[PDB]
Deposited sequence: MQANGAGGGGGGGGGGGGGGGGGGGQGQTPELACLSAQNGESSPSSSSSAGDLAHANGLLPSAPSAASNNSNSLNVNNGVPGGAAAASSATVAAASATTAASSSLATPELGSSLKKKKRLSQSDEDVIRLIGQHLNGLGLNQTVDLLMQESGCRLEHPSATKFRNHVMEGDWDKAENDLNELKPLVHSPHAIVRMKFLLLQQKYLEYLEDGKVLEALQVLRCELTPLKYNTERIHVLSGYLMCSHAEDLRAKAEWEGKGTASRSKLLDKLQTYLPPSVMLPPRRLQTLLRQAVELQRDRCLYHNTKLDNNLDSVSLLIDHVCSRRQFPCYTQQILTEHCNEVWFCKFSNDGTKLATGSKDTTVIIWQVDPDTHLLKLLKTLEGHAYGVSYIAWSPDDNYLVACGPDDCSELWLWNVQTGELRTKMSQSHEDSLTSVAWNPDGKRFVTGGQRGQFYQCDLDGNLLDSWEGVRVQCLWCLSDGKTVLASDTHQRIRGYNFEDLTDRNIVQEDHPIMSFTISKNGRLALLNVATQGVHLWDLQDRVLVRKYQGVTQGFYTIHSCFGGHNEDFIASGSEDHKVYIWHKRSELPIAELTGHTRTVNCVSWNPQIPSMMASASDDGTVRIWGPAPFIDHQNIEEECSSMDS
């Protein structure tokens, strides 16, 4: 006795077989099931839509899904393997003499800039086909070492800062490797952060002593703010707002044009550093003596707390990444690199290979399979998929 559910599947199978290019077994099936014409006219191509829906559901649950059409086999569930996720070392770059403090990819993911403890910033070019890194430029003259590096929005200039209690910053042009103005306002200043303006003609710098400037390419001072000890800066997309994290364990938005300020994040532990997603809605930040925290700026709400990173006093930088910014990468003081998916607070990988502490991690924005790791042992590691 075929119940109602059987009849629907029978009619769907008959329609599919008739439309596929066959005309005999459909009639033979109707002559045996004894049911055929909403119950008047079936929707066109129901089975194809149902199978596409099933494949979409299978793709939704895929975990290591970093990938960028009836090309999927229906006889087995679809799973992306871990050996395709970037978790295996592919290159070891040993050209710095003393140490490595900061590494950063270009905005188009074509070059890598690494700043060493000694007086050097090195630029590596990435081959587009074989994905190998080769040195092309070296920049010298940073007497106190390099701790922060920022790229121009069109990847024509980069600004390199020094360590704490350094009153200078450098501005180069990548095309010719020459040196633009070396800016220095006061001999007793301390500049340790820098952020570019989306128009690519102004930047904002600041420091722990209480300096917070907005300047141009020629080095002239356009604006200054008094009363804040900034630690990390980021200019928003609208070209007016600057988000700054202070020593009061909070993040505030400042408007230089109208000269206004508001609050967004209030925490209970020091904030070593923070970064902001592509759409300017979520902030991923590093908390001293704790893990990595995700904050929603529009709603001003703490979303998730990811656990597993050891960070007591030093500054450690993390990053977004993945197919559509679905993964979080970070370094730690226990010589390991940590990777999380946004849906859980437990790591999906714990990489290894560094002798000393790792203090910078970066994800390629245009190639979602390349990771760069910079540590205190003097080497850089390029991680990709398994061979």
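#### Entry: Sequence ranges absent from the coordinates, based on the deposited chain and numbered from 1
Missing C-alpha atoms (numbering from 1) occur across the ranges 1-118, 156-275, 307-310, 630-645.
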